[PDB]
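Report on the structure given below.
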Amino acid sequence: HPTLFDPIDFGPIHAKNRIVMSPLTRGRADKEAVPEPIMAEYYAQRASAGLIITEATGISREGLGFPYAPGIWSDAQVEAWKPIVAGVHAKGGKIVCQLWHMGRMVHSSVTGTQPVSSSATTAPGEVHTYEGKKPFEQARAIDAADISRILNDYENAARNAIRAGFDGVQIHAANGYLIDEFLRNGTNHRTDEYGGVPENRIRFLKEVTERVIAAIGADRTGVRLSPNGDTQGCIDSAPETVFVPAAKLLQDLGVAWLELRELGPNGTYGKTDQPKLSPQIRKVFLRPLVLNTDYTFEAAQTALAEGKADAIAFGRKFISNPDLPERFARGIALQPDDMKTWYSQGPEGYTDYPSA
Ligand SMILES: Cc1cc2nc3c(=O)[nH]c(=O)nc-3n(C[C@H](O)[C@H](O)[C@H](O)COP(=O)(O)O)c2cc1C
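The numbering used here puts the first residue of the sequence shown at 846, with every later residue one more than the last.
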């Protein structure tokens, strides 16, 4: 019944509308993963979103291989995030930090360590580094000490996000990164309690989520999953058997909201024949469900009207339409985004898309 323009509560976050800015890596931080001041303008321009989910933000150097992406493990990073978050709040916006461990999707020339994963696998193709593209290296399967350390890193990152002023966090459990590499049977070949049957494959997500919620509260914790379709070499052969139980687990843990990146056979940023799991997940996760990928404004309105989702997150539309909610409301045409400047440096194709 609520429309995209009606408010929604994501835990304690009182969002003014249900038009969410999806997480978008842009590479406008520095080589120490410290946010740069231009990022304050970028997010402030987009503060009419009901909720902004930040670009994926590294919880550690081990888990952050993306050149010029920000982190949130250090005091210097927290201090740099503070004015970015404050500028959004000054405009009445709300913003959560997407906490990232990239798992096998890193190169050791950026992280200084071998890529880590559920199993000793290699992502397909080549990886974007500071020196250009390099073939992926084989990851190492994390051990018990690694798991303990990575949980500490998630805890520290969640506390640091709150200390920077973020309204909450979203756990990046999607897109073939570390958690997703445990969830899906295409990448998880472990023989211990983290591998095999779906309950075991969910265990790493469970333990990460439990540690984050014990630090900042389940009501300030959201999660992103990407249940259907190969992303970055990560797929499950029967996604319904693991992603529906994962969503039920998140519901039981008290997770405040769940975002699903869902592909289709004609997808324009990833395509697949695996069907969307949102109808099944909607039955087991009962708090706000945010859907994402290839939504026209009309399709987004239909999804809320038919009770399929509580809110819709838009990625590429927010790149090029900082005033997306106002354009929707006023019937104004949308500016196309320039993929050439998605991941480049500086303001071009970043802060120079005008509002209408
Ligand atoms: C340039 C770019 C950066 C992205 N960065 C992230 C990211 O940091 N974290 C994430 O979970 N998804 C990321 N994605 C996936 C988007 O959040 C979103 O799922 C995708 O753009 C499809 O939604 P859309 O059709 O509304 O654009 C990114 C996508 C693009 C194109």
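Ideal Cβ placement from N, Cα and C applies to all residues, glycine included.
- The Cβ neighbour count for residue 988, taken over all protein chains shown within 10 Å, is under 16; the residue is labelled exposed.
- Remark: the shortest separation between the CB of residue 1074 and any heavy atom of ligand 1 does not fall under 6 Å.
- Sequence-distant partners of residue 956 (beyond 5 residues in either direction) whose C-beta falls short of 8 Å from its own C-beta, in its chain, are 906, 907, 908, 909 and 910.
- Residue 1175 sits away from residue 1166, with the two beta carbons spaced by 7 Å or more.
- In this structure, residue 899 lies near residue 943, with their beta-carbon atoms less than 7 Å apart.
- Considered as a whole, the region 874-908 harbours 883-890 as its complete alpha helix (DSSP H) runs of no fewer than 4 residues, in chain order.
- In this chain, the beta strand (DSSP E) harbouring residue 980 covers 977-980.
- About 7 Å separates the CB atoms of residue 1044 and residue 1090; that is less than 8 Å, so the two are in contact.
- Check the Cα spacing between residue 1036 and each of 1006, 1177, 986 and 1021: the tightest is with 986.
- Secondary structure remark: continuous beta strand (DSSP E) runs of at least 3 residues inside the region 1110-1194, in chain order: 1134-1137 and 1156-1159.
- Take residue 1022, set aside five residues on each side of it, and the residues of its chain with a beta-carbon closer than 7 Å to its own are 945, 946, 947, 948 and 950, in chain order.
- Excluding its 5 nearest sequence neighbours in each direction, residue 922 has C-beta neighbours in its own chain below 6 Å: 879 and 916, listed in chain order.
- A distance below 7 Å between beta-carbons, with the five flanking residues on each side excluded, links residue 1131 to the following residues of its chain, in chain order: 1096.
- In the DSSP assignment, residue 934 falls within the alpha helix (DSSP H) that extends over 920-935.
- Annotation: residue 1064 is outside any beta strand (DSSP E) and is labelled neither H nor E by DSSP.
- Beta-bridge pairing by DSSP links residue 1105 to 1070 and 1136.
- Taking the Cα positions, residue 1148 is about 15 Å away from residue 862.
- Residue environment analysis places residue 983 among the exposed positions, since fewer than 16 neighbouring C-beta atoms fall within 10 angstroms of its C-beta.
- Residue burial annotation: residue 859 is exposed, with fewer than 16 other C-beta atoms found within 10 angstroms of its C-beta.
- Per DSSP, reduced to three states, the secondary structure at residue 941 is strand.
- Counting along the chain, residue 855 sits inside the beta strand (DSSP E) bounded by residues 853-855.
- Using a Cβ distance threshold of 7 Å, residue 1065 and residue 1099 do not count as a contacting pair.
- In this structure residue 1027 is in contact with residue 1050, their Cβ atoms being roughly 7 Å apart against a cut-off of 8 Å.
- In the three-state scheme derived from DSSP, where H, G and I count as helix and E and B as strand, residue 1080 is classed as coil.
- Short of 6 Å from the beta carbon of residue 1160, and not among the five residues preceding or following it, lie these beta carbons of its own chain, in chain order: 867 and 869.
- Residue 985 has 961 as its beta-bridge partners, per DSSP.
- At a Cβ-Cβ threshold of 7 Å, residue 1074 and residue 1119 count as neighbours.
- Separation of the CB atoms of residue 1092 and residue 1129 is rounded to 5 Å, and the pair is thereby assigned contact status at 8 Å.
- Residue pairing by DSSP places residue 974 opposite 977 in a beta bridge.
- Shown here, residue 950 sits in a helix according to DSSP, grouped into three states.
- As computed with DSSP, residue 1096 is found in no beta bridge at all.
- Ranking 971, 1181, 1142 and 876 by CA distance to the CA of residue 848 puts 1142 first.
- Sorting 1152, 1114, 1126 and 1127 by C-alpha distance to the C-alpha of residue 1138 places 1114 at the top.
- Here residue 874 is buried: its Cβ has 16 or more other Cβ atoms, across all protein chains shown, within 10 Å.
- Boundaries around residue 864 are those of the beta strand (DSSP E), 864-866, since no alpha helix (DSSP H) includes it.
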